Amino acid sequence: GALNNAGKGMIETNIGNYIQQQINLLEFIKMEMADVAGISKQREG
Amino acid sequence: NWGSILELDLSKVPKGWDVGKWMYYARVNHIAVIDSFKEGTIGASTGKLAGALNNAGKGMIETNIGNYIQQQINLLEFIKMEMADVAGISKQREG
Amino acid sequence: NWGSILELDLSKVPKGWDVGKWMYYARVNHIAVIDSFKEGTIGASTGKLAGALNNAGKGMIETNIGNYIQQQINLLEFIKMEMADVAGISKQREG
Amino acid sequence: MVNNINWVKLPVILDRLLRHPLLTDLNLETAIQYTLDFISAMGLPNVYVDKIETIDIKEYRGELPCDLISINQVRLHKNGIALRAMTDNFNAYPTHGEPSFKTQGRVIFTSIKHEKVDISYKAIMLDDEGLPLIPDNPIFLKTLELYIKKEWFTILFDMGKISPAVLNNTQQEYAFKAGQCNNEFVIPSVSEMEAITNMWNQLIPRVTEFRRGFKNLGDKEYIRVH
Amino acid sequence: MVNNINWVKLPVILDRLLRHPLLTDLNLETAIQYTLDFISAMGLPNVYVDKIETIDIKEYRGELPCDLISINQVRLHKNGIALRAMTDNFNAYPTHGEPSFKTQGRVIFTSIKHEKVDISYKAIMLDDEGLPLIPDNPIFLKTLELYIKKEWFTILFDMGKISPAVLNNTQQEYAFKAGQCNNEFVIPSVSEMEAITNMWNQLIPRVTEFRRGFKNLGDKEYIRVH
Amino acid sequence: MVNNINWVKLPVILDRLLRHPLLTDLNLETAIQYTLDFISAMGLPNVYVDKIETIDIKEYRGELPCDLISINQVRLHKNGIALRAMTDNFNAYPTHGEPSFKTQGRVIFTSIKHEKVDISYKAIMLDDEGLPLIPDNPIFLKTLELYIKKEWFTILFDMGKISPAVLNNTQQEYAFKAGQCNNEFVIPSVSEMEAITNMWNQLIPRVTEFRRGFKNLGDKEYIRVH
Amino acid sequence: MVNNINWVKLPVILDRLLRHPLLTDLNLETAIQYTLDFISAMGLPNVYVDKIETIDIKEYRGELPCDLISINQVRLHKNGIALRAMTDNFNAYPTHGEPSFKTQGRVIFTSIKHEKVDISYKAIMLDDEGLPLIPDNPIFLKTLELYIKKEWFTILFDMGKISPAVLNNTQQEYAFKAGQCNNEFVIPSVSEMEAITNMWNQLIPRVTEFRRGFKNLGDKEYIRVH
Amino acid sequence: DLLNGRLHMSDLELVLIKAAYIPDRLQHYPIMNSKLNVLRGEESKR
């Protein structure tokens, strides 16, 4: 009976979360580099 | 008031291991090797004893005394506020 | 107070593999290859032993000591505030 | 263990088995085998005799005592520093640190060339005859009786000389008493719970009782008053 | 325990058993064996007799009393400090702190060379013949009756001389009465509940009852008024 | 493994098997075959004998020891650097880095032209006749007994000379004892647990144990105080 | 694979099958067929022989070796650049990029007109007789024995000469041992887990090991210190 | 050396390397430099 039921499958990969993780890491590293250089974000503008 | 108490069964401590050293290495590593095929679990594995003996988790002797303490504390605040109001000396009027 | 302790069964470590090196590579890779067709799992796989040996997850020797600690901290804050109120020396008045 | 291991001779189990008319052909020869099987399958450490014996290392190798079954620890005789398991794959092999050991048979492979090592090992309590000596705990005796009964009934049932219900009942009883004995010989005593408590509650954790012979695993952790 | 352990003779249980015509072949021997088995399996501490007896340590070893079964505590005779259990693997073995003890057979392995120690242990109340002496608590007597009946009917059912339903009923009854007996002998009385109450409610926790003989465990914790 | 692998002769298992009158037609041949089958199926690394043996590479090929079964590691004799496995498909084939190895039969394919390498491999402890030598751990002996019994009863049941219930019981018992043996031989001992403890708790992780012979895998990671 | 592929001749399986009185009419002719069927149905790459052999391309076509079963890779002999699968539908057909290939029978269709290509392919290890040569791993032998047994019992059961329970038991055992063998021949060794680890942990990912012959799939990824 | 971006692995652990690579060596992150730099800059402006 699954042949008249069970819905339609999806080939879904959770790549958006990976992209968000990398973006957050980039923000963190840029913040660390700014802090170590002694040049804060408020100090650039 | 004493904290939660965990009821721990030592039916799966591996062979040749003392309880004290087992719990010590459990502390240090946060991982406690167990033995699911001990001779004492033969009944539950083989269907001769109730399957709850290899399942059902670990019980807790938990008393909800924190809520009682919070109730008494709230009552103390209420009575102190009532006494302040009746004396005509408000909290803002003391400081 | 010690953190959560995990009960780990080593019935699916692959053949010819030490527990030490298996766990080391599990640390490094965050992936631990297992053998679900080990000779020890034959009973559960073939239906001669209870299926709880191949399933049910991993137990946890966990105690709710953090809530007890928070209860103590809240009580300490309450008592310190009460003494401050009795002495007439408020927190805003000490600084 | 709450109770004490008072030792008695092996035929105390045949006192009890041969009450059953279907177990009358059991012998001390069979009792010895099935008793050793039960001792090993249960793996209770309170049943073994704690012994300490020193040996010398010739070159990364040493002769092992005759009655050894398991090693509690190995340490250096002069320093007292305990040894760990040898993870190294090329110990005594040169090309062109912290000490360790490994034991397979009558040989112990240490990482030291020439030194004396103290081994705290476990053996079996023997009788005036060279035979195993069993605890007289009636839980242990009943469980061993049920083990031997279950094995003999399994044989008779493979032959078709025992009803399957009989064997099922025997296996059920043996399983419950095996769990009971396992818990009896494992659950700590009050004096052992003091050791466990002293180990458990430590404001400054102690994580180096392996270097010593776990001497201070159970000492209380006294904080000075300031 | 709410009630008192009034002692009575072993053949009381045979007076109760032999009313069943299927249990007329029981003897004092079988009563003794299964009574010891039942007493051990239940492991009720109120059935054993508390005794204290001092021994002298020769060199990290001491002779143990003959009737000992389980040790409540061990302490030093002069200071009164209690001894915890041994966690060491190399106790008396020298190379080239807190006192402790360890008991296997008729010997006690302590960590002290030459001293006297007091041991609080438990034994069996014996008869003038020299036989075990059982309580008269009819719950205990009934549960022991059912234990012996269950063993006998198990043996008969193994031969095939008892219906499976009869054995199933006997096992069910014995299981319920075993639970009833365990609750009867373990649930605290009113005075033991006062001791537990004084132990539970403590503004300043006491975590050193073991150093004394658990003497002040039930002592009420008084707070001065200010 | 908690216990030690004391070696005993093959006919021990026939001493245990032939007690069953349905297994009196077993021979040393069948014992040898099913013992090898069981040893391979369990794949317990403590049953094999660790050996180290140096070979010389001719041109990306080397002769392999006769008794080799599995390779723990391969390294260079002069430098001591361990060799990983080969991922290449065109190793020694030229057209018109990191060392590696690969083993199929009696030959080892390495990525080095002319050098000597040390191989840490595992083999079987052999008998003076030249036969496999088994541990005396009664859990191992019992599980091998049940393995051989299960194969024999499977054959008989195929002919129809054994009841299905008997074979089902034999399979159930063998399955449980296989699990028991696997846990017996794999669960770390106290010293192996110290090694695992030193490997787990590491403020500065060590991820280069393979370059050495996993020598410092269990080495304790010390942090200087400041 | 942890273990090594020590090769033995095919009748080693008939050593083991013909113990069973119901498999006594099996022959080397049947062993060869069912062994090839099992080798293919399992598809384990460690059972095949890794070989490299160069051929010349005449015009988008080349002659293929005789013993080829599968191609690991194809590359250009002069550059060493590996080839990919040919997605093109009109390769060698003109009207009026990156190289690729395709293989169907004894012909390999490359996208290059005149060049020599290196093919790393897999074949079967043969005997002094032109017959397949099987691993002696007792897991592999037991699984192949069970495969041949299951096929023969399926035939006999289609005839009605075997009880359905017998065939069900045979199929169950074969299924479990097929899973066991699949895992045994697939799970990486320690040296292979170093390769996998070096591939896995890469701060700067390497995604071009196909161009090379996967030579650097397993090299460690060393970051300089700044 | 810490202020100049050099980390001595022997100063924070027992060494059981001399090659400047992270798979066995440890990165340094100069987060203490700003804490000193603010004070030295304040010294100049006093």
# chains A, B, ... in the order shown; residues from 1 in each chain; ligands from 1
>>> select_by_dssp(residues="chain D", states="helix (DSSP H, G or I)", output="PyMOL selection string")
chain D and resi 12-17+21-23+28-42+45-47+138-159+164-186+190-200+215-217
>>> residues_around(residues="region 27-36 of chain H", least_positions_apart="4", cutoff="7 Å", atoms="only C-alpha atoms", output="NGL selection string")
(:A and (36 or 38)) or (:G and (225)) or (:H and (3 or 5 or 7 or 22 or 40))
>>> write_last_selection(atoms="N, CA and C atoms", output="JSON list (two decimals), in the first residue's frame")
[["chain", "number", "residue", "atom", "x", "y", "z"],
["A", 36, "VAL", "N", 43.34, 42.19, 18.18],
["A", 36, "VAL", "CA", 44.78, 42.03, 18.37],
["A", 36, "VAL", "C", 45.54, 43.19, 17.75],
["A", 38, "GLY", "N", 44.52, 46.08, 17.76],
["A", 38, "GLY", "CA", 44.18, 47.27, 18.51],
["A", 38, "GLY", "C", 43.37, 48.27, 17.73],
["G", 225, "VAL", "N", 53.87, 27.42, 11.35],
["G", 225, "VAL", "CA", 53.64, 28.19, 12.56],
["G", 225, "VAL", "C", 54.08, 29.62, 12.32],
["H", 3, "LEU", "N", 56.13, 38.06, 23.98],
["H", 3, "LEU", "CA", 55.68, 39.34, 23.43],
["H", 3, "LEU", "C", 56.03, 39.48, 21.96],
["H", 5, "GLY", "N", 56.01, 37.00, 19.78],
["H", 5, "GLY", "CA", 55.30, 36.02, 18.99],
["H", 5, "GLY", "C", 55.94, 34.65, 18.93],
["H", 7, "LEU", "N", 56.53, 31.04, 20.94],
["H", 7, "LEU", "CA", 56.04, 30.17, 22.00],
["H", 7, "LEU", "C", 57.02, 29.03, 22.22],
["H", 22, "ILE", "N", 52.03, 22.96, 12.96],
["H", 22, "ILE", "CA", 50.96, 22.86, 13.94],
["H", 22, "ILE", "C", 50.59, 21.41, 14.29],
["H", 40, "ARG", "N", 51.75, 51.64, 27.49],
["H", 40, "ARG", "CA", 52.92, 52.36, 27.00],
["H", 40, "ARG", "C", 52.52, 53.60, 26.22]]
>>> interface_residues(of="chain H", to="chain F", cutoff="7 Å", atoms="only C-alpha atoms", output="short mmCIF file (atom, residue, chain, number, x, y, z; two decimals) with N, CA, C and O atoms, in the first residue's frame")
data_model
loop_
_atom_site.label_atom_id
_atom_site.label_comp_id
_atom_site.auth_asym_id
_atom_site.auth_seq_id
_atom_site.Cartn_x
_atom_site.Cartn_y
_atom_site.Cartn_z
N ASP H 11 57.86 25.52 28.01
CA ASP H 11 57.48 26.40 29.11
C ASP H 11 56.08 26.13 29.64
O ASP H 11 55.73 26.66 30.71
N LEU H 12 55.26 25.34 28.94
CA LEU H 12 53.91 25.03 29.38
C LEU H 12 53.62 23.54 29.46
O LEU H 12 52.49 23.17 29.81
N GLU H 13 54.59 22.68 29.16
CA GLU H 13 54.37 21.24 29.25
C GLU H 13 55.72 20.54 29.22
O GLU H 13 56.74 21.13 28.85
N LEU H 14 55.71 19.27 29.63
CA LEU H 14 56.86 18.41 29.41
C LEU H 14 56.83 17.87 27.99
O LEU H 14 55.85 17.25 27.57
N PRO H 23 50.64 20.44 13.35
CA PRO H 23 50.29 19.06 13.71
C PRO H 23 51.04 18.48 14.90
O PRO H 23 50.61 17.45 15.44
N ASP H 24 52.15 19.09 15.32
CA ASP H 24 52.72 18.81 16.63
C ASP H 24 53.08 20.06 17.42
O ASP H 24 53.16 19.98 18.65
#
>>> closest_atom_pairs(of="region 107-197 of chain E", to="region 29-44 of chain E", cutoff="8 Å", atoms="only C-alpha atoms", output="tab-separated table")
residue	atom	partner	partner_atom	distance
E:131	CA	E:32	CA	8.0
E:132	CA	E:32	CA	7.4
E:144	CA	E:38	CA	6.7
E:147	CA	E:38	CA	7.2
E:148	CA	E:34	CA	6.2
E:182	CA	E:42	CA	7.2
E:185	CA	E:44	CA	6.8
E:186	CA	E:44	CA	7.6
>>> write_last_selection(atoms="N, CA and C atoms", output="PDB file, in the first residue's frame")
ATOM      1  N   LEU E 131      23.350 -25.295  66.782  1.00  0.00           N
ATOM      2  CA  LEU E 131      22.648 -25.200  65.515  1.00  0.00           C
ATOM      3  C   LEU E 131      22.095 -23.794  65.329  1.00  0.00           C
ATOM      4  N   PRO E 132      21.780 -23.394  64.095  1.00  0.00           N
ATOM      5  CA  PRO E 132      21.229 -22.049  63.889  1.00  0.00           C
ATOM      6  C   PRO E 132      19.889 -21.889  64.588  1.00  0.00           C
ATOM      7  N   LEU E 144      10.073 -18.868  55.206  1.00  0.00           N
ATOM      8  CA  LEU E 144      11.008 -19.989  55.203  1.00  0.00           C
ATOM      9  C   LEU E 144      10.300 -21.293  54.857  1.00  0.00           C
ATOM     10  N   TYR E 147       9.966 -21.172  51.223  1.00  0.00           N
ATOM     11  CA  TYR E 147      11.256 -21.422  50.587  1.00  0.00           C
ATOM     12  C   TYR E 147      11.544 -22.917  50.509  1.00  0.00           C
ATOM     13  N   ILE E 148      11.418 -23.610  51.640  1.00  0.00           N
ATOM     14  CA  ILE E 148      11.706 -25.042  51.667  1.00  0.00           C
ATOM     15  C   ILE E 148      10.723 -25.793  50.779  1.00  0.00           C
ATOM     16  N   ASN E 182      10.935  -8.987  53.422  1.00  0.00           N
ATOM     17  CA  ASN E 182      11.954  -7.960  53.239  1.00  0.00           C
ATOM     18  C   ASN E 182      11.448  -6.616  53.741  1.00  0.00           C
ATOM     19  N   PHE E 185      11.317  -6.664  57.753  1.00  0.00           N
ATOM     20  CA  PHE E 185      12.553  -6.596  58.519  1.00  0.00           C
ATOM     21  C   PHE E 185      13.367  -5.333  58.263  1.00  0.00           C
ATOM     22  N   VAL E 186      13.068  -4.577  57.208  1.00  0.00           N
ATOM     23  CA  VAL E 186      13.887  -3.441  56.817  1.00  0.00           C
ATOM     24  C   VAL E 186      13.235  -2.097  57.129  1.00  0.00           C
TER      25      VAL E 186
END
>>> residues_around(residues="residue 90 (chain G)", least_positions_apart="5", cutoff="12 Å", atoms="only C-alpha atoms", output="ChimeraX atom specification")
/G:60,95,109-111
>>> interface_residues(of="chain B", to="chain F", cutoff="9 Å", atoms="only C-alpha atoms", output="NGL selection string")
:B and (14-17 or 21-22 or 25 or 28-29 or 33-39 or 42 or 45-46)
>>> residues_around(residues="region 73-78 of chain D", least_positions_apart="2", cutoff="6 Å", atoms="only C-alpha atoms", output="NGL selection string")
(:D and (71 or 80-83 or 116-120)) or (:E and (95-96))
>>> atom_distance(atom1="CA of residue 121 (chain G)", atom2="CA of residue 46 (chain G)")
12.7 Å
>>> interface_residues(of="chain B", to="chain C", cutoff="8 Å", atoms="only C-alpha atoms", output="JSON, numbers by chain")
{"B": [2, 3, 4, 5, 6, 8, 26, 27, 30, 31, 32, 33, 34, 35, 36, 44, 45, 46, 47, 54, 55, 57, 58, 66, 94, 95]}
